[PDB]
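First, one chain by itself in structure tokens, the form solved without the ligand.
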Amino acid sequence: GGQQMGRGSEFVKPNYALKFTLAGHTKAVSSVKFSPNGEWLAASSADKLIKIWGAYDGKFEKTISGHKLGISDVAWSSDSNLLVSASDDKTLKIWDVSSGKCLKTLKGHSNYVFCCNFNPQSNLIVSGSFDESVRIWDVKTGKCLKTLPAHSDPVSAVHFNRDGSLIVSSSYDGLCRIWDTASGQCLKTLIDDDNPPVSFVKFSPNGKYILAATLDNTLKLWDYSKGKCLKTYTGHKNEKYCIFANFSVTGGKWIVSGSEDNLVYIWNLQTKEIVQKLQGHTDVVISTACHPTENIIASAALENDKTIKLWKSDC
């Protein structure tokens, strides 16, 4: 599995090793995200709470409460000062991180809100729901700016590209779709050979590619411009849950994802070989996040486990 970087780094391999286990959620953990400034790690949970820990030392920071039901997803503003969370109570909430207070409650979805993201500028929030729609929301006012009749099944993931001009969404309907932020037009529907449910999607950091997980145990790298699947990553287990995947970019070039056999998988992005599997969790690893500047992975597991783990590597 060796990966080529610069001279004398011809065969780089990651060596992620467990550094902290973060206990305190009382149900399944649903989503972990590092603050873009790298200082914090937030985890949402089916226990209706968001918790924040220090990303480097694993020290408990705060619990943020007020949703009436479980939280499926959480996302940071670009300045690390706000969180948005997506809840079974049909709302999103915007939080002031420093105070822990709810700033806005975004109402409009008619079923569970399952996924959320700020755009890079962080004036907007995008959401996907069991109501089969993608919504775009004004952060400052609270208003739903657009409701996109996006899919014919629950929306599994939503994500803006590097400049915010595009949203990618995914759905158990088998489709990945790309939407013009400004017009709300569907620009593209991407789908392969076969039509398994699409359980996760996100743009690459440069916005040129799309990583999509499908519930047939497959992650795929797509070129957005050409509509072509370039790479496939397999060997992990994903047939049931909406599991987050990631580009890891701070050391070697890896794809990182959770798996239903309780492991974190890490693949060489270029050759598609598995380079590492991280043991430790005792239930499905539903979420992984890659730290924005250090080789740090956060992982989180479902009901039988209830922990987040922080893992560190030399590359």
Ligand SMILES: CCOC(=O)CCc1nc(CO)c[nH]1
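Don't overthink the numbering: it's just position in the shown sequence, from 1.
**Student:** Do the C-alpha atoms of 190-198 or of 122-130 have the higher average B factor in the entry?
**Tutor:** Result of the comparison: 190-198.
**Student:** When the C-alpha temperature factors are averaged for each of 218-226 and 173-181, which stretch ends up with the higher value in the entry?
**Tutor:** Averaging CA B-factors over each stretch, the winner is 218-226.
**Student:** Specify which of 143, 151, 93, 135 carries the largest Cα B factor in the deposited PDB entry.
**Tutor:** So the option with the highest C-alpha B-factor is 143.
**Student:** When the CA B-factors of 82, 243, 157, 166 are compared as recorded in the entry, which is the largest?
**Tutor:** Reading the PDB entry, the winner on C-alpha B-factor is 82.
**Student:** Quick check on the deposited entry: does the C-alpha B-factor of residue 275 sit in the lowest, middle or highest third of its chain?
**Tutor:** For residue 275, whose C-alpha B-factor we compare with every modelled residue in the chain, the answer is the middle third.
**Student:** Splitting the chain's C-alpha B-factors into thirds, which one does residue 33 fall into?
**Tutor:** Lowest third, going by the recorded CA B-factors of the chain.
**Student:** According to the PDB entry, is the CA B factor of residue 27 in the bottom, middle or top third of its chain, that is, lowest, middle or highest?
**Tutor:** Tercile = lowest for this residue's CA B-factor.
**Student:** Thinking about Cα B factors across the chain, which third does residue 233 belong to?
**Tutor:** For residue 233, whose C-alpha B-factor we compare with every modelled residue in the chain, the answer is the middle third.
**Student:** Among the modelled residues of its chain, does the C-alpha B-factor of residue 8 lie in the lowest, middle or highest third?
**Tutor:** Answer is lowest: the recorded C-alpha B-factor places it there.
Only in words, not in the display: the form solved in complex with the ligand, which the text now covers.
**Student:** Answer with open or blocked: the shown chain lacks the ligand, so superimpose the ligand from its arrangement in the deposited complex and check for 3 or more ligand atoms within 2.4 Å of backbone or C-beta atoms.
**Tutor:** By the 2.4 Å criterion, open.
**Student:** Would you please decide whether residue 114 lies within 4.5 angstroms of the ligand in the deposited complex, comparing each non-hydrogen atom pair?
**Tutor:** Yes, residue 114 sits close enough to the ligand in the deposited complex that at least one of its heavy atoms falls within 4.5 Å.
**Student:** Please determine whether residue 50 contacts the ligand in the deposited complex, using a 4.5 Å cut-off between heavy atoms.
**Tutor:** No, no contact at 4.5 Å.
**Student:** Answer for residue 274 alone: is it within 4.5 Å of the ligand in the deposited complex, judged on heavy atom distances?
**Tutor:** No, residue 274 stays farther than 4.5 Å from the ligand in the deposited complex.
**Student:** Taking the ligand as it sits in the deposited complex, is residue 122 in contact with it (heavy atom to heavy atom, 4.5 Å or less)?
**Tutor:** Close contact is absent here: in the deposited complex, residue 122 is far from the ligand, nothing within 4.5 Å, heavy atoms only.
**Student:** So which of 139-147, 176-184, 94-102, 154-162 is the stretch with heavy atoms within 4.5 Å of the ligand in the deposited complex?
**Tutor:** Of the stretches listed, the one contacting the partner is 154-162.
**Student:** Given that the ligand is left out here, which of 263, 64, 286, 290 has a heavy atom within 4.5 Å of it in the deposited complex?
**Tutor:** Of 263, 64, 286, 290, the residue with a heavy atom within 4.5 Å of the ligand in the deposited complex is 286.
**Student:** So which bits of 189-203 sit within 4.5 Å of the ligand in the deposited complex, heavy atoms only?
**Tutor:** In sequence order, 199, 200 come within 4.5 Å of the partner.
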